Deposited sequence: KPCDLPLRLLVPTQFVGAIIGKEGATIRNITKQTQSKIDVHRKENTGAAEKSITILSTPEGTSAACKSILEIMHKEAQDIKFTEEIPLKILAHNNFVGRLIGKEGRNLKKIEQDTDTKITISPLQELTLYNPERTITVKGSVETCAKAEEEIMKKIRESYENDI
């Protein structure tokens, strides 16, 4: 029933302060409301990883809160550039997400109204096996795409 595989996001360092909040208040609320364990590295592109461990539903809820917080802060500081959702996933667990001929990926794109691209295999390194899944859309469409992407990642984890 529990899947040990966390959701891992890549977010711009600029927005981590809003995610965590003064004295941890914001992230404290998220982890309480979504019953999740969320890890942000203090030192670590000017992007930082966030690891979210929870049920599928609590994981999607925490991701959606982080996307909402980040979009608000971008508006607050007149940050005009798009902020795609970026999911990290081990190379061993992406073939099911993509599917024969990209079929599964394109279906998620059409179902969620996002544009999803995966980093090229040859950008991996010996000791970084994580591909970057970039999801372009609104807060709402990106959150739905996260739900569908991680279903496929977990399906591969739990079988493959």
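The deposited sequence has C-alpha coordinates everywhere except the stretches 45-47, 164.
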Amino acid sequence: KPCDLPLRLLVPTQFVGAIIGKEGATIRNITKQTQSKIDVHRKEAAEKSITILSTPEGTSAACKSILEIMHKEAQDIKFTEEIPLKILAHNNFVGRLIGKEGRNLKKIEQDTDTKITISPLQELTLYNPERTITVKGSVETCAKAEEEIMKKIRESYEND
From here on, numbers count along this sequence of modelled residues.
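For the pair 53-61 and 90-98, the mean Cα B-factor is higher in 90-98.
On average the C-alpha atoms of 100-108 have higher B-factors than those of the other stretch, with 100-108 and 28-36 being the two compared.
The PDB entry gives the largest Cα B-factor of the residues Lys136, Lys144, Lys151, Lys22 to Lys22. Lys115 sits in the middle third of its chain by CA B factor, as recorded in the PDB entry.
Compared with the other modelled residues of the chain, the Cα B-factor recorded for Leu124 ranks in the highest third. For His41, the recorded CA B-factor ranks within the highest third of the chain. Only modelled residues enter the ranking.
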